[PDB]
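Asks: Task: produce atomic coordinates for the following.
(2 chains, ligands or ions: 4)
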Amino acid sequence: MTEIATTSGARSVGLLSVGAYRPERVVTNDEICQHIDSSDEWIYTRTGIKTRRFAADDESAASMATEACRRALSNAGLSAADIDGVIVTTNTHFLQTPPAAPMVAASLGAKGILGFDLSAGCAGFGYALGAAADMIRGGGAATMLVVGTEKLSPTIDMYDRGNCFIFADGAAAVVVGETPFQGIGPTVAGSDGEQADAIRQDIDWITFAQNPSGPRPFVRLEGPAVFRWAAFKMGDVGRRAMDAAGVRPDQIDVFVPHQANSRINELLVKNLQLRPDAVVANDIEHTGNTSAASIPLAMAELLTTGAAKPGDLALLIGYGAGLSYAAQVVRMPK
Amino acid sequence: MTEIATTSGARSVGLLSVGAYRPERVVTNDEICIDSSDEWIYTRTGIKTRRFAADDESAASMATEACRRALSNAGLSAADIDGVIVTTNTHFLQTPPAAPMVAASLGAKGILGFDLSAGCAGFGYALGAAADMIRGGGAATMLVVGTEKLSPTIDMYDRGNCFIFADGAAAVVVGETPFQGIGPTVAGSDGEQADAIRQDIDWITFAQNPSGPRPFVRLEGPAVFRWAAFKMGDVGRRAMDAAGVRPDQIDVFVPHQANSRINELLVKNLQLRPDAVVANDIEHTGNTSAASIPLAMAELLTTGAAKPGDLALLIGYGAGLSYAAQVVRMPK
Ligand SMILES: *SCCCCCCCCCCC(=O)O
Ligand SMILES: *SCCCCCCCCCCC(=O)O
Ligand SMILES: CCCCCCCCCCOC(=O)S
Ligand SMILES: CCCCCCCCCCOC(=O)S
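Replies: Residues are numbered from 1 along each chain as shown, chains lettered A, B, ... in the order given. Ligands and ions are numbered 1, 2, ... in the order given. There you are, the coordinates:
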């Protein structure tokens, strides 16, 4: 009797730019050997990390996202008024509400634009990019920001000899809009809810809030279990992502896995059967693991250093918390 | 150089089914006092009773229950679903996310998913994101579930809001339909009013100073009333417009169940048919935030007021100052 209208947008969409923010404070391996019993040698060998970035007390996941978003637009040659919507992916927004997106949009002077927060561990970016590209193609928006942002510092147990030296702070943003040629492939994603406990906050905020003066929550990590899972399962994931995009492994110029751990990633590369000269992102060396923020920060570093060029066929695999993953083939931004 | 494939899913996508979960325990107006009354609370809010989830229940647990039912009503098993989006404001864990757990609990542990946070516009956005993913080729059928557990967030001395919030979850199955079943998403926000609805103290600042006060949900009634009542009429007009439907065509208005008086003014402004049906689940459900709309859809469908395939305007509004709207067809 009646018909609901249907819309459509751009066919091809891509990473118009990347913009990275990294906090002033550089915390060395040595400067954590205080509260733990190990060396710089030890930490570096098992993780790949040399130094990491720590945000200041007044800095936040939303402030850092804003400064990243600000830089992204500059690199894309656009102002806030060109943006139709922003998606924030984070694990360290410390308010159940309000969301971060609207605050960010307002900070940048695009106060009324659409936006939500996407939470999916370190698969957030892959999912957010997916949703963005999907929204623009459907005609929901034309140009979008997607920003991985993280203030992990406050959640570290400085005595937790298993993960204290892994997490760090930062934010990086990309611009997604119409492009001459297809620049973002299909999103390949999934989960493993059974191993949800592998990466977690040990105490929920409500339990804690009812008994405040007792032990406070921290980020907890079952290393071995997350290693085995990432290293033995993401190899296939990436192949599903290349297969979807219709690309051979030997065509990937740039590998940007989530910066969880250097050993893991090394193993992922060998598995994926890439070219001997594919550029594998290793930002983790001086950035540390920045969760949902890692992939875009990885991209930015590879471009800043000139090891990757704009237009390079890249493969992104995000993996981590909740045991979730998201992957896709893209063209390098900027 | 080298091509990247351009894929495409099914063009037309709708709501196959709705499924609701509401906790056992009924908390009556009387069972909460501040300095108020049954006739006081019903006048400003439209609430009579609300439901509270038990101490062993969660956002995630209710979501699963809701999904499981949505799945039953769809005539589908968890193996038919390609992904789940959980929209919530009360999953009290920074990580891991709720979606894979719900996925695990449903018995489809492998499927994709995430948590989408956008105040009470969460559902509008999550529905949008779903249809978009299905139309794009990344999923054939999906669950969108709104879940909420606001009981522990409420401050019993807050004469402004303590009687407003409740617990509950409701999910929908989205998938290929003979005709277009989800209108174009119409959304936006007002960042400059982020504090209108907020958690007064962040979790870390609280954790670093536990001898101070604990966080609670704080609300600026007046500012939230002005905004919602006098802006969301336009949003409704923009959503009906995108859907290529006239106001006088709408069978069912389902605004977010924030406040009956807000929603009362909205209906007048929207200039719908005298016989348009208005979501009032709030009377006995209360404000369940990101879950209100699907709950209201299920309540209307259970009640007979809304039939399957009715034309329904959805308008989600709330925290962050975020809004999301669409014209959908009624499921089941
Ligand atoms: S993919 C990496 C996810 C782990 C970081 C998530 C944020 C910290 C976890 C919460 C810790 C806390 O604040 O208690
Ligand atoms: S759109 C509804 C806005 C209020 C619901 C958001 C969750 C409650 C805020 C958190 C309060 C707390 O810290 O417990
Ligand atoms: C002593 C070995 C070092 C631990 C290796 C496990 C690394 C997994 C960290 C992944 O966390 C995420 O952010 S995901
Ligand atoms: C000026 C009269 C005040 C009435 C109280 C307003 C209630 C606002 C409820 C907030 O809705 C949300 O879900 S947030």
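Asks: rest of the way, CA atoms for contacts and neighbours
Replies: Fine.
Asks: Relative to residue A:51, how far out is the closest residue to residue A:96 other than its chain neighbours?
Replies: Nearest residue to residue A:96 in three dimensions, chain neighbours excluded: residue B:89, at 5.5 Å (CA to CA, 6 or more residues apart in numbering or on different chains). Distance, residue B:89 to residue A:51, using CA to CA, to the nearest Å: 35 Å.
Asks: Looking at those two, which is more packed in?
Replies: Between residue B:89 and residue A:51, counted using other CA atoms under 10 Å in any protein chain shown, residue B:89 has the larger neighbour count: 28 against 22.
Asks: Please verify my assumption that the more buried one contacts residue A:93.
Replies: No - using CA atoms under 8 Å, residue B:89 is not in contact with residue A:93, being 12.0 Å away.
Asks: hmm, back to that, report the contact partners of the residue nearest to residue A:96.
Replies: With contacts defined as CA atoms under 8 Å, 6 or more residues apart in numbering or on different chains, residue B:89 is in contact with A:96-97, B:117-119, B:148, B:289-290.
Asks: repeat that for 10 Å
Replies: Contact analysis of residue B:89 by CA atoms under 10 Å, 6 or more residues apart in numbering or on different chains lists A:95-99, B:59, B:115-120, B:122, B:146-150, B:288-291, B:319.
Asks: Mark which of the residues you listed are part of strands, please.
Replies: Among the contacts of residue B:89, the ones falling in strands (DSSP state E) are B:115-117, B:146-149.
Asks: Please parse chain A into its domains.
Replies: Domain ranges of chain A: A:1-182, A:183-332, per curated CATH domains.
Asks: Between the two ends of the last one, how far is it?
Replies: This points to domain A:183-332. By CA to CA, one end of domain A:183-332 lies 8 Å from the other end.
Asks: and it, is it in reach of ligand 2?
Replies: No - if you take CA under 6 Å from any ligand atom as the test, domain A:183-332 misses ligand 2, and the best it gets is 7.3 Å.
Asks: about what we covered before: which ones among the contacts of residue B:89 come in contact with ligand 4?
Replies: By CA under 6 Å from any ligand atom, the members of the contacts of residue B:89 lying near ligand 4 are B:289, B:319.
Asks: Name the residue of the stretch 51-200 of chain A that lies nearest to ligand 3.
Replies: Closest approach of the stretch 51-200 of chain A to ligand 3 (CA to the nearest ligand atom) occurs at residue A:122, with a separation of 5.5 Å.
Asks: ditto for chain A
Replies: Using CA to the nearest ligand atom, the closest approach of chain A to ligand 3 is made by residue A:320 at 3.2 Å.
Asks: Quick check: that residue vs ligand 4, distance?
Replies: Applying CA to the nearest ligand atom, to the nearest Å, the value for residue A:320 to ligand 4 is 32 Å.
Asks: same deal with residue A:233?
Replies: Note on residue A:233: its distance to ligand 4, by CA to the nearest ligand atom, is 41 Å.
Asks: just residue A:228 next, same as before
Replies: Applying CA to the nearest ligand atom to residue A:228 and ligand 4 gives a distance of 43 Å.
Asks: How about residue A:311?
Replies: Per CA to the nearest ligand atom, residue A:311 is found 44 Å from ligand 4.
Asks: that older thread, hey, what's the residue of chain A closest to ligand 3 bridged with?
Replies: Under DSSP bridges, the beta-bridge partners of residue A:320 are residue A:324.
Asks: distance of it from ligand 1?
Replies: Taking CA to the nearest ligand atom, one finds residue A:320 at 4 Å from ligand 1.
Asks: swap in residue A:187?
Replies: Note on residue A:187: its distance to ligand 1, by CA to the nearest ligand atom, is 18 Å.
Asks: just residue A:189 next, same as before
Replies: From residue A:189 to ligand 1 the distance is 15 Å (CA to the nearest ligand atom).
Asks: One more: residue A:152?
Replies: Distance, residue A:152 to ligand 1, by CA to the nearest ligand atom: 6 Å.
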